[PDB]
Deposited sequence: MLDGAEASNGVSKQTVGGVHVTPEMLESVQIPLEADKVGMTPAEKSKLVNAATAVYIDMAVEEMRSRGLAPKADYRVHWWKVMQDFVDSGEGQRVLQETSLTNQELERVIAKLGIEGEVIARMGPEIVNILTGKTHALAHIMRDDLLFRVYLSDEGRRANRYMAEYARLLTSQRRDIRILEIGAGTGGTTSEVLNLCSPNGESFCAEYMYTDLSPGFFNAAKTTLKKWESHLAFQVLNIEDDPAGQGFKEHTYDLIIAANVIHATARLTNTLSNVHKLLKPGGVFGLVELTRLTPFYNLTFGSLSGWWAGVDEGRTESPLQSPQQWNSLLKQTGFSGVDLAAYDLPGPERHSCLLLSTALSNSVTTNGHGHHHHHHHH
């Protein structure tokens, strides 16, 4: 179609058609069926927790966790729980599945039975999910690998055809997306751009990232960046970057227009914003991330069921914050059971 983004030809189909190693293929069932199941195991635990809270006359600690509780209650009371009646599992069937689901079934086995403990404050959700780096592997899991691959693939296209590209990654964390990007853009550790600014809210990640990304360490710079705050005030050079990568982070901010405006301050006009985001809430994500305070960062501006936005919503937000909107959307899967995407947008001069 000759569609271009950031000056290179790319299409949704070009990215979405890529098939990559995923545990669901290897386990191996179809994504839509598994999505039914990975989410299927969660529905059981959600239902149990809601039933247990109510029967025991318990209420959650009076903080963000009540929002989590509300979502689980609605999931059950809306009748959505029963529909998920359609899939019945004996307690034998349930555990038998989970052993096969690698990272995902495993978070369910970890977190599912701890829902009441988290709600009532007997279990520290973050510490709990982080043990054995389970949270970090969740990012590496099949759940988000395809969207990360979309991003890496676009970065490769960009860096292979254009030289001296400057990249900044927001919320790089332990480098799950980064690792995919670097592996495609610099398969042999060769220099491939003029700058890769590795950033996160917390510098605590940087040490492990350097080790994880050792093959590329001399090409990476590391700096703290709270994207909720003015980037210039944080020692960054405004409007110098050609590509910004933000995987699974932008939603975790308090006010999306403020965050996007800050992203804009970093990009050159014509610069590309690579946004990797979940497209919608699923019970599994509610279970997995809903227990964490960061999930509820947007409640004050109405993101009260989850921090997430649909692609259409991101499109509008982008247009209001100096971007072109969604130039390209690539989804992990086709149909209703899709849950993640890459959104590419172009920074526009406000002048």
Stretches of the record's deposited sequence for which the structure holds no C-alpha atoms: 1 to 11, 96, 364 to 378
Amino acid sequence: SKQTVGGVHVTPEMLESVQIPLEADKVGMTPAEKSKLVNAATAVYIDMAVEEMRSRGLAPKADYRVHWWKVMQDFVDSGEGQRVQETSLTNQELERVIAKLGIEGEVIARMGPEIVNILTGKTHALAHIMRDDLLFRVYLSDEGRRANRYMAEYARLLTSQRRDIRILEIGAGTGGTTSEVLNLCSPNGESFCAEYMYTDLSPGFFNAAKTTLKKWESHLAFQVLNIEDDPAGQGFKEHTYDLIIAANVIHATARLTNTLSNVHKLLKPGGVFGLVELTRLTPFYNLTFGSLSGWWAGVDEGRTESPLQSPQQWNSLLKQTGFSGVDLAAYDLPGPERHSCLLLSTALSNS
From here on, numbers count along this sequence of modelled residues.
Looking only at CA atoms, which has the higher mean B factor in the entry: 44 to 52 or 24 to 32? 24 to 32
Could you check which stretch, 252 to 260 or 231 to 239, carries the larger mean CA temperature factor in the entry? 231 to 239
Tell me, please, which of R163, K215, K122, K265 has the highest C-alpha B factor according to the deposited entry? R163
Taking the Cα B-factors listed in the entry, which of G325, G294, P60, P283 comes out highest? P283
If you rank the chain by CA B-factor, which third does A109 end up in: lowest, middle or highest? highest
Is the Cα B-factor recorded for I103 in the lowest, middle or highest third of its chain? highest
So where's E277 on the chain's Cα temperature factor ranking, which third? lowest
Thinking about Cα B factors across the chain, which third does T288 belong to? middle
Please say which third, lowest, middle or highest, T4 falls into when its CA temperature factor is compared across its chain. highest
